[PDB]
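Enquirer: Output the structure for:
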Amino acid sequence: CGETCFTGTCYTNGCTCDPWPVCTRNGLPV
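Expert: Residues are numbered from 1 along each chain as shown. Okay, here it is:
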């Protein structure tokens, strides 16, 4: 994703705060 989710929330869609503080796009930290 490239984005970070220190708040446990992604700012960009298609990503989830799985590997905090980083977002996972389709299960990948891209």
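Enquirer: I'd like the distance between the residue of the chain positioned farthest from its centre and residue 23.
Expert: The centre of the chain is farthest from one residue, residue 7, which by Cα atoms, centre = their mean lies 10.5 Å away. As judged by Cβ to Cβ, to the nearest Å, residue 7 and residue 23 stand 11 Å apart. (Each C-beta comes from the backbone N, C-alpha and C, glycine too.)
Enquirer: Identify the residues contacting the spatially most central residue of the chain.
Expert: With distances taken as Cα atoms, centre = their mean, the chain has residue 23 as the residue nearest its mean C-alpha position (1.1 Å). If a contact means Cβ atoms under 8 Å, 6 or more residues apart in numbering, then residue 23 has 1-5, 10, 12, 15-17, 29 as its contacts.
Enquirer: Next step: the residues you listed restricted to strands.
Expert: Of the positions in the contacts of residue 23, not one sits in strands, assigned by DSSP state E.
Enquirer: Buried ones among these?
Expert: Neighbour counting with 16 or more other Cβ atoms under 10 Å marks 1, 5, 10, 15, 17 as buried within these.
Enquirer: Please give me every residue in contact with the first one.
Expert: Just to be clear, that refers to residue 1. By Cβ under 8 Å, 6+ apart, the residues touching residue 1 are 10, 12, 14-15, 22-25, 29-30.
Enquirer: Can you pick out the most distant pair from the residues you listed?
Expert: The distance between the two most remote of the contacts of residue 1 (Cβ to Cβ) is 13.9 Å, for 14 and 22.
Enquirer: From the neighbour counts alone, determine which of these two ranks first.
Expert: When neighbours are counted by other Cβ atoms under 10 Å, residue 14 and residue 22 differ, and residue 22 comes out ahead with 17 against 10.
Enquirer: sorry, back to before: the contacts of residue 23 in helices, which ones?
Expert: With helices identified by DSSP state H, none of the entries of the contacts of residue 23 belong to them.
Enquirer: so what's the residue nearest to residue 22 when sequence neighbours are not counted up against?
Expert: For residue 22, ignoring the flanking residues on the chain, the nearest one in space by Cβ to Cβ, 6 or more residues apart in numbering is residue 29 at 5.3 Å. Residue 29 makes contact with 1, 19, 22-23 under the criterion Cβ under 8 Å, 6+ apart.
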